[PDB]
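So the structure is just underneath, and the comments pick up after that.
What is reported rests on the model, the rules as stated and the sources as named; no laboratory read-out is quoted. So basically every Cβ, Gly included, is an ideal-geometry build from the backbone, and we count neighbours across all protein chains shown.
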Amino acid sequence: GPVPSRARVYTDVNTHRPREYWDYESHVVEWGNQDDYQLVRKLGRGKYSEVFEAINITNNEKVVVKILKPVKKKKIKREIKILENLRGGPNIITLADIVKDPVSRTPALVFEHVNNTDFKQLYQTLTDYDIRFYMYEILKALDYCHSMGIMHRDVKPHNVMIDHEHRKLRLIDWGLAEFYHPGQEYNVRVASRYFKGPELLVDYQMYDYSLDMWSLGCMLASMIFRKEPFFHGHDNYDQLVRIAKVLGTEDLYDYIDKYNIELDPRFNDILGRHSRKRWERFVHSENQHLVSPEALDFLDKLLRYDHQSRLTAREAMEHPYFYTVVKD
Ligand SMILES: COc1cc(/C=C/C(=O)O)ccc1O
């Protein structure tokens with residue numbers, strides 16, 4: 001069988017929390033008044049929810065309402081409990097209220113409003129300094145939630161809301177987030193394809209916070225190289241092949257050999273043999289102003305096959321890439 005794995009940090013946070021903290025199935029929801037919120041316009045529909053701009057008529061302020069689609073009560077309670085646990089943490093979206101929607105007959109989560117410019121347009125205008133700044137802000141959120149025993153598991157541009165006017169960032173959609181418990185096996189069908197870590201793609205279930213750090217690395221690569229997404233697979237198998245064409249196949253085999261993991265035999269005909277590449281090959285005249293030796297070293301230390309080898313969020317915040325970023 002597979003070799004077991006543990007997070008190298010925050011390993012036992014939930015072990016030593018009171019049970020109430022991580023036992024979300026027993027959580028009792030405290031409901032607000034649904035009539036406080038007037039829906040204004042639909043912003044989007046995801047796989048698990050519909051999102052609306054709304055007004056809180058008790059203060060005439062903008063809010064966002066997320067009306068959950070029917071899922072098992074645990075996943076609903078999971079997201080709710082995680083949002084309440086993380087509330088007030090750095091760059092964590094603030095859950096303001098929870099109400100029962102009379103039409104959907106499901107919970108509607110009420111969030112602070114973030115006046116966001118969408119990432120396709122925003123990423124086209126970000127300067128070198130902007131990328132470092134916003135990366136540091138994301139790391140604050142990730143170190144916080146990891147330090148609180150929670151992995152996000154769906155880090156991607158869509159879930160990083162940025163108000164570029166006030167240089168404000170919020171990590172959103174905690175609907176796939178989980179509590180980390182040492183030795184627990186998790187569903188590998190998380191994250192969006194382009195941001196899935198090698199551990200998911202080789203079906204290794206005993207993963208941890210470090211999954212988010214791979215996803216963050218995929219984001220960083222897309223931003224500094226101006227290629228979104230960076231690893232552009234046509235499915236989950238091709239996704240691993242695209243990664244292997246960059247990180248190389250020998251280190252992939254070292255990874256799966258370390259954990260005594262077997263590749264899906266369907267890779268026999270598609271994987272090939274690939275050298276590891278140097279990151280400089282992705283630099284060209286239209287992205288070079290976003291690239292520095294510090295950026296490439298930082299990227300290199302996020303994008304490791306071995307989840308145990310990746311920078312932790314805290315380690316990442318110590319990286320020379322962020323020396324240029326003005327600290328508060
Ligand atoms: C789409 O704009 C927003 C979305 C959210 C939350 C989404 C989620 O948690 O799933 C919060 C504030 C927003 O301004």
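Key figures for this structure:
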quantity	calculated
Filter result (under 18 Å from the mean Cα position of the chain (by Cα) and free of Cβ contacts under 8 Å to residues at least 12 places away in the same chain) within region 89-124	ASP118
Residue check, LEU169 under 25 Å from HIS289 (Cβ atoms), in the same structural domain as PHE231 (by CATH) and surrounded by 18 or more Cβ atoms within 10 Å (Cβ to Cβ)	yes
Test: residue in region 252-273 that is in contact with a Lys or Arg (Cβ under 6 Å, 6 or more places away or on another chain) and either surrounded by 21 or more Cβ atoms within 10 Å (Cβ to Cβ) or over 25 Å from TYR136 (Cα atoms) (or both)	no
Elements of type helices (runs of 4 or more DSSP H) contained in region 231-328, each with 2 or more residues being under 21 Å from the mean Cα position of the chain (by Cα) and touching a residue at least 12 places away in the same chain (Cβ under 8 Å)	236-247, 293-302, 313-317
Matching residues, region 265-313, being of a type in the set (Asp, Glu) and over 28 Å from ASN91 (Cα atoms)	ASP269, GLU280, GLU286
Set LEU83, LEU43: member being in contact (Cβ under 8 Å) with a residue 60 or more places away in the chain, out of contact with any helix residue (DSSP H, G or I) (no Cβ under 9 Å at 6 or more places or on another chain) and aliphatic (A, V, I, L, M)	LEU83
Residue that is within 16 Å of the ligand (Cβ to nearest atom) and surrounded by 21 or more Cβ atoms within 10 Å (Cβ to Cβ), where the choices are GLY175, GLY149	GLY175
So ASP212, is it under 27 Å from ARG17 (Cα atoms) and in a loop (DSSP other than H, G, I, E, B)	no
Subset tally (residues that are touching a strand residue (DSSP E or B) at 6+ places or on another chain (Cβ under 7 Å) and away from the ligand (no atom under 11 Å from the Cβ)) for region 104-116	4
Selection within region 178-207 - surrounded by 17 or more Cβ atoms within 10 Å (Cβ to Cβ) and in contact with a strand residue (DSSP E or B) (Cβ under 9 Å, 6 or more places away or on another chain)	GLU178, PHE179, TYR180, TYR186, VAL190, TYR207
Complete set of residues in region 13-34 that are over 25 Å from the mean Cα position of the chain (by Cα), part of a helix (DSSP H, G or I) and touching a residue at least 12 places away in the same chain (Cβ under 8 Å)	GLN34
Subset of region 128-146 [of a type in the set (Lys, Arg) and surrounded by 21 or more Cβ atoms within 10 Å (Cβ to Cβ)]	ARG132
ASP163 vs. criteria within 16 Å of the ligand (Cβ to nearest atom) and either assigned by CATH to the domain that holds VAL291 or in contact (Cβ under 8 Å) with a residue 40 or more places away in the chain (or both)	yes
Test: residue in region 209-230 that is more than 29 Å from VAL291 (Cα to Cα) and either of a type in the set (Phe, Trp, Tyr) or surrounded by fewer than 21 Cβ atoms within 10 Å (Cβ to Cβ) (or both)	no
